[PDB]
Amino acid sequence: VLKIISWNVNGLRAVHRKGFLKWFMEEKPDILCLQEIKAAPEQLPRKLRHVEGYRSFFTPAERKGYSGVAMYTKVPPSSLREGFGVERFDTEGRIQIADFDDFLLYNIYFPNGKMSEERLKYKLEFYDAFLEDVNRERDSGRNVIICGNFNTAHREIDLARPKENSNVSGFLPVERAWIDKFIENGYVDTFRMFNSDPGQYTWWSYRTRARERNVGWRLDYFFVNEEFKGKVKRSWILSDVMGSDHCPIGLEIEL
Amino acid sequence: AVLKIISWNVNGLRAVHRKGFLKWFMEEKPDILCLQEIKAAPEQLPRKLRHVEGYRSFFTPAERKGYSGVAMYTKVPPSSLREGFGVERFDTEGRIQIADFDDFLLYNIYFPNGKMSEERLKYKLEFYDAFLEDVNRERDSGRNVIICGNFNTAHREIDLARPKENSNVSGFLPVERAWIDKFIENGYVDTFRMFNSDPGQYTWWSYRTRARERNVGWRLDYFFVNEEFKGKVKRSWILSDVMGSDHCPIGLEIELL
DNA sequence: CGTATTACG
DNA sequence: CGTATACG
């Protein structure tokens with residue numbers, strides 16, 4: 001079994017100050033995917049770039065201190081691709097696609113659509129660009145694992161206040177429909193394979209102290225292509241790991 | 001009666017508020033509180049910071065957002081408050097309040113820091129010149145004056161822990177030290193030194209080197225009076241245990257009648 | 001070091 | 001609420 005953890009850390013330097021490395025060394029994932037690092041490698045301490053027993057990969061945005069994704073792994077991939085082949089989507093530090101032979105691992109920080117209509121439109125086009133790429137690979141016979149911050153709660157069970165958020169980016173009908181479509185394209189929301197409970201969230205607003213009252217949203221997911229779903233042994237939420245407004249999520253994969 | 005004035009370069013009034021400023025303020029209960037480097041306009045402050053029970057507040061922010069700025073809280077409001085010397089470049093940086101309490105004028109002044117450039121050192125020195133013309137005109141007209149705030153210069157070698165290594169650092173340049181000498185010769189008295197002639201008495205310490213815990217400091221904050229008023233000064237002291245900023249507060253007590 | 005700026009979330 | 005250039 002291989003353990004993969006995904007975490008939108010909302011600042012890698014920030015979580016580092018809070019004890020990221022202590023947590024990392026206790027949890028011992030085989031592969032760790034991070035989103036929203038808000039750093040390029042040259043701004044990171046050495047102990048963050050060089051972690052014992054892991055190869056690290058950093059894919060920053062062009063804009064300083066914005067977005068960015070990272071991957072640490074005990075076995076290195078045979079390749080790592082950092083975009084879809086579309087400039088506007090490939091320069092925000094949102095995409096790592098690592099080839100582990102048994103599977104391709106997509107580590108994706110999907111755009112947030114809250115700030116503006118243009119950014120909602122960018123988010124939905126990113127979604128489409130993502131789906132084209134992953135389908136190309138799956139069709140070629142590759143098995144695929146996708147984790148990261150999708151920035152959308154899929155169904156009503158996936159946030160504490162569905163009614164109030166019907167017109168808020170993150171629970172818009174159009175966004176929820178893209179996830180339906182993604183699933184209908186042959187992919188499985190792994191957490192829902194094992195847990196059909198409500199109150200299971202991965203993000204809580206800092207602003208209203210939402211975490212202590214568990215007023216959250218499930219924005220972070222592990223998906224696999226349906227042909228690969230038999231190899232998924234566990235999908236869970238690391239609810240109690242603090243340090244970010246998102247908590248980590250986990251996947252156990254056989255082979 | 002006995003009047004207590006406290007001066008404090010807070011380095012962010014919202015910051016000190018978050019650290020317990022109002023609690024300290026209620027404990028100390030000065031008659032007048034002068035603050036420098038508030039880094040805020042009144043609209044950025046909560047209502048309870050704008051209006052403290054028993055005090056009237058006067059905020060004089062810089063044109064630039066979150067930069068500089070001075071404020072004053074007083075139990076008895078002044079008859080008038082002037083917010084400049086009448087020189088535009090000196091009057092737009094939120095550095096000047098001149099309040100008339102009838103018995104005296106109180107200047108609450110955040111003097112400029114000259115460390116960043118030659119341009120800003122020249123600015124500081126010209127601001128010193130404009131300040132001296134102002135206070136002299138008021139004094140010459142028959143007013144007693146109290147001047148407090150952050151002068152941004154340690155006067156003598158006793159006024160900082162490391163005088164030699166700062167001989168060419170703004171804050172301890174011969175030209176700056178000489179200006180304080182000149183201000184004094186114009187008929188003004190550094191009140192702290194009326195009562196305390198010891199070394200190790202400082203009001204500012206660098207955050208960057210954790211200087212405060214080793215007391216590697218500078219005396220940058222002062223209360224001056226015109227010499228004719230000095231017999232009214234009962235005490236002048238440093239509130240060195242009061243945390244929350246890289247400066248500590250200073251105090252003056254005066255007795256009128 | 002630490003408090004502001006503005007952008008983003 | 002909190003994590004990402006200017007001044008001091």
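Basis for what follows: all heavy atoms, side chains included, without hydrogens, waters or symmetry-related copies. Sequence lines set the chain letters: A, B, ... in the order given, protein chains first and strands last, and positions in each chain run from 1.
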| query | Could you give the CD-to-P distance, from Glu37(B) to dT3(C), as a whole number of Å? | reply | 11 Å
| query | With a 4.5 Å heavy-atom cut-off, do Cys148(B) and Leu106(B) have their side chains touching? | reply | yes
| request: In sequence, state the C-alpha distance, the side-chain angles, and the governing distance for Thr91(A) and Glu62(A), and then conclude on side-chain hydrogen bond (donor to acceptor under 3.5 Å, both in side chains). | output: CA-CA 6 Å; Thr91(A) 59; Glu62(A) 289 187 341; 4.5 Å; no
| message | Under 4.0 Å, heavy atoms only, any strand: does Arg13(A) hit a base, just the sugar-phosphate, or nothing? | response | sugar-phosphate
Under 3.5 Å donor-acceptor pairs involving side-chain atoms of residues 14-22 of chain A, not counting sequence neighbours:
| from | atom 1 | to | atom 2 | distance (Å) |
| --- | --- | --- | --- | --- |
| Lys18(A) | NZ | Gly243(A) | O | 3.1 |

| Just checking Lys39(B): base, sugar-phosphate only, or nothing, at a heavy-atom cut-off of under 4.0 Å? | base
| said: Looking at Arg63(A), I'd like to know whether one of its side-chain N or O atoms comes within less than 4.0 Å of OP1 or OP2 on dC8(C). | reply: yes
| query | Based on Watson-Crick and G-U pairs with both distances under 3.5 Å, what dot-bracket line describes DNA chain D 5' to 3', crossing pairs as [ ] and inter-strand pairs as |? | reply | ||||||||
| Looking across every strand, which nucleic acid part, if any, lies under 4.0 Å from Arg119(A) by heavy atom: base, sugar-phosphate, or nothing? | nothing
| Which whole-number value in Å describes the distance from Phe21(B) CZ to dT3(C) P? | 15 Å
| said: Distance check needed: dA4(C) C1' versus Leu35(B) CG, whole Å only. | reply: 17 Å
Listed pairs under 3.5 Å, donor-acceptor, residues 170-180 of chain B side chains, sequence neighbours left out:
| from | atom 1 | to | atom 2 | distance (Å) |
| --- | --- | --- | --- | --- |
| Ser170(B) | OG | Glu176(B) | OE2 | 2.7 |
| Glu176(B) | OE1 | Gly171(B) | N | 2.7 |
| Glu176(B) | OE1 | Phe172(B) | N | 3.4 |
| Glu176(B) | OE1 | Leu173(B) | N | 3.0 |
| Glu176(B) | OE2 | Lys124(B) | NZ | 2.8 |
| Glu176(B) | OE2 | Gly171(B) | N | 3.3 |
| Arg177(B) | NE | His155(B) | O | 3.1 |

| said: Under 4.0 Å between a side-chain nitrogen and a carboxylate oxygen: does that hold for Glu118(B) and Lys122(B)? | reply: no
| NA contact type, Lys65(B), heavy-atom cut-off 4.0 Å: base, sugar-phosphate, or nothing? | sugar-phosphate
| task | Describe the nucleic acid contact of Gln44(B) in one word from base, sugar-phosphate, nothing, applying a heavy-atom distance below 4.0 Å. | result | sugar-phosphate
| message | Please report the distance, rounded to the nearest Å, between CE in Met115(A) and P in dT6(C). | response | 15 Å
| query | Which part of the nucleic acid does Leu220(B) contact within heavy-atom distance under 4.0 Å: base, sugar-phosphate only, or nothing? | reply | nothing
| query | Where along residues 151-162 of chain A does a heavy atom fall under 4.0 Å from DNA chain D? | reply | none
| said: Less than 6.0 angstrom separating the ring centers of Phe182(A) and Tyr127(A), yes or no? | reply: no
| With a non-hydrogen cut-off below 4.0 angstrom, is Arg212(B) in contact with a base, only sugar-phosphate, or nothing? | nothing
| Nearest-Å distance, CG (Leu120(A)) to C1' (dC8(C))? | 16 Å
| task | Report yes if some heavy atom in the side chain of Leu239(B) is under 4.5 Å from a heavy atom in the side chain of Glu28(B); otherwise report no. | result | yes
| query | In whole angstrom, what separates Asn9(B)'s CG from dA4(C)'s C1'? | reply | 14 Å
| query | More than 12 non-hydrogen atoms from neighbouring residues, nucleotides or ligands closer than 6.0 Å to CD on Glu88(B), yes or no? | reply | no
| request: Flag the pair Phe127(B) / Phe90(B) as yes when their ring centroid distance falls below 6.0 Å, and as no otherwise. | output: yes
| message | When you compare the side chain of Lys39(B) with that of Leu13(B), does any pair of heavy atoms fall below 4.5 Å? | response | no
| Residue list, side-chain contact (heavy atoms from CB on, under 4.5 Å) with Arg210(B), at least two apart or on another chain | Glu213(B)
| Whole-Å gap separating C1' (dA4(C)) and CG (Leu13(B)) | 13 Å
| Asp220(A) (side chain) donor-acceptor with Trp7(A) (main chain) under 3.5 angstrom | no
| First and last nucleotide of DNA chain D touching chain B, 5' to 3', heavy-atom cut-off 4.0 Å? | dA6(D) to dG8(D)
| note | Heavy-atom nearest nucleotide on DNA chain D taken for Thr208(A) and for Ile37(A); more 5' hit belongs to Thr208(A)
| said: Between P on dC8(C) and CD on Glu117(A), what's the gap in Å once rounded to a whole number? | reply: 16 Å
